[PDB]
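Take a look at this single chain, the form deposited in one PDB entry, given in structure tokens.
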């Protein structure tokens, strides 16, 4: 049966009654390697790279040479295609399934922050996600993050993985630490390290100064001097926090114990919204266990 095989669903290649024929083969998420070619006449078949043309084309689309990627990608795709993606306040979320709470919180965050992905696979799926088709994008996140369906995940970890696979070259951060004995030292962060900070949740507290230790046991302060990024992520261990409307963009809510809780998404619009997969809850002021707060920026210069 004359059929079409592909590695990226972009460049298509036109190739008896699948392992001996093509190797590991997939058709819409399902592993058909142990099947025989009927209704599968002319359909596009995902195959593993086995020639140089497909090996080089696989890097053009996925920017990876790991032979496990496609297998881990189609393995996650079998579940994500069965997931439901409701539109909650103009945003695509995921109904609870296979411990996808941290994935849904990451999907809502990405729809509200500016990010340009370097791999065309992530970028092309990023556009399809905002439109409503978030299956191919959720599976790709699991593949790039080396995570599997059902495994427990962390929002700060998953975002950090994606941030490295994205264009944050123009993102700079000029920090200044001063010591009561050593003196004043200036540091500059560029890329993924310039948009993230684990420690405090308040962007204003980062500007006013945060107490950190130097080589000397004496306490030093670290304050932000210059920031040049479309957004910043502020992270801290889960504690109680009051989120004021208009002072932030979106925030992540973790409830439970280490590697044992449940993630919830909070966003700021005309009023504070709380998304729990397919559920919605409004509030004027919010207070709860917040672990990550996202703030929007463009250019900031300190007064000190």
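The term rigid core refers to the maximal set of C-alpha atoms that superpose within 1.5 Å between the two forms. Positions refer to the first chain, counted from 1.
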Are residue 37 and residue 38 truly consecutive in the deposited sequence, or are residues between them missing coordinates? Give the number as none, 1 to 3, 4 to 9, or 10 or more.
1 to 3
According to the entry, are there none, 1 to 3, 4 to 9, or 10 or more residues of the deposited sequence without coordinates between residue 15 and residue 16?
1 to 3
Averaging CA B factors per stretch from the PDB record, which one is higher: 204 to 212 or 143 to 151?
204 to 212
Mean Cα B-factor check, 222 to 230 vs 119 to 127, entry values; winner is 222 to 230
Looking at 241, 62, 45, 273, which has the highest Cα B-factor in the entry?
45
256, 237, 277, 29, ranked by C-alpha B-factor: the highest one
29
Taking only the Cα B-factors deposited for this chain, tell me whether residue 95 sits in the lowest, middle or highest third.
middle
Per the entry's values, where does residue 158 land by CA temperature factor relative to the rest of its chain, in the lowest, middle or highest third?
lowest
Of the three thirds of Cα B-factor ranks in this chain, residue 190 occupies the highest
Record-listed C-alpha B factor of residue 180: chain third
highest
Please say which third, lowest, middle or highest, residue 53 falls into when its CA temperature factor is compared across its chain.
middle
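Unshown form deposited in another entry; subsequent notes refer to it.
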To test your reading of the superposition: with the rigid core aligned, which of 180, 116, 130, 95 moves its Cα by 2 angstroms or more between the shown form and the other one?
180
Does residue 74 move its CA by 2 angstroms or more between the shown form and the other one when the core is aligned?
no
Tell me, please, whether between the shown form and the other one the C-alpha of residue 214 is shifted by 2 Å or more, with the rigid core used for superposition.
yes
